[PDB]
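Coordinates in review
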Amino acid sequence: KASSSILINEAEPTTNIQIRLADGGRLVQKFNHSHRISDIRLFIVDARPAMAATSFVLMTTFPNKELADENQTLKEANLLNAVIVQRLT
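The deposited coordinates for this entry were obtained by solution NMR.

Under the annotation held in the PDB entry, the chain carries the name p47 protein and is attributed to Rattus norvegicus.

What follows is the structure, given as structure tokens:
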């Protein structure tokens, strides 16, 4: 089952990415530093009813860099910003 319930524990430091829609839509995504952004694929697929065919992108603001994962933990990307911004257009 797509993660979907990816929630940030209230006892450990984890990264949380939020996504807003240019049409007045908003979604919250919480990820763990030891997880792989690949998990987002199942999560998105779970709530991918409208995104079905929407051009979107995910990027962080602090360092101002384009997302970049791999497959292992999330911090391994060296970009663990904790709070990232995702745009939907």
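Some thoughts on helix 1 (residues 38-46)
Regarding helix 1, the residues found buried are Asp39, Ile40, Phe43 and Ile44. Projected down its long axis, helix 1 carries its buried residues within an arc of 135 degrees, all on one side. Looking at helix 1, the residues exposed on the side facing more than 90 degrees away from the buried face are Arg41 and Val45. Here the buried face of helix 1 lies against strand 2 (25-31), strand 3 (56-59) and strand 4 (83-88).

Regarding the nonpolar core
Grouped together as the largest cluster of nonpolar side chains are ten residues: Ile6, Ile17, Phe31, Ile37, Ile40, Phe43, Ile44, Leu58, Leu74 and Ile84. It is helix 1 that provides the largest number of residues to this core, a total of three residues.

Structural notes on the sheet that holds strand 3
Strand order in this open sheet of four strands is 2-1-4-3, and the pairing throughout is mixed. Strand pairing shows two members of the sheet lacking a second neighbour, strand 2 and strand 3, which therefore form its edges. Looking at each pair of strands side by side, their axes are set apart by 15 degrees on average, direction ignored. Sheet topology places strand 1 (residues 15-21) next to strand 2; seven bridges connect them, and they run antiparallel. Bridge assignment links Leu21 to a residue of strand 2, and that residue is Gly25. Of the strands in this sheet, strand 2, strand 3 and strand 4 touch helix 1, which is tilted by about 140 degrees from strand 2.

What counts, and where the lines are drawn
Residues numbered from 1 in each chain as written, not as in the entry; some residues may be left out. Heavy atoms only, no water. Buried < 20%, exposed > 50% of the residue type's maximum accessible area, 1.4 Å probe, protein only. Helix = DSSP H or I, 4+ residues; strand = E, 2+ residues; numbered from the N terminus. Arc of directions from axis to C-beta. Contact = heavy atoms within 4.5 Å. Core = buried A, V, L, I, M, F, W, Y, C linked by side-chain atoms within 4.5 Å. Pairing = 2+ DSSP bridges. Axes fitted to C-alpha atoms, helices over the stretch in contact; angles between N-to-C directions.

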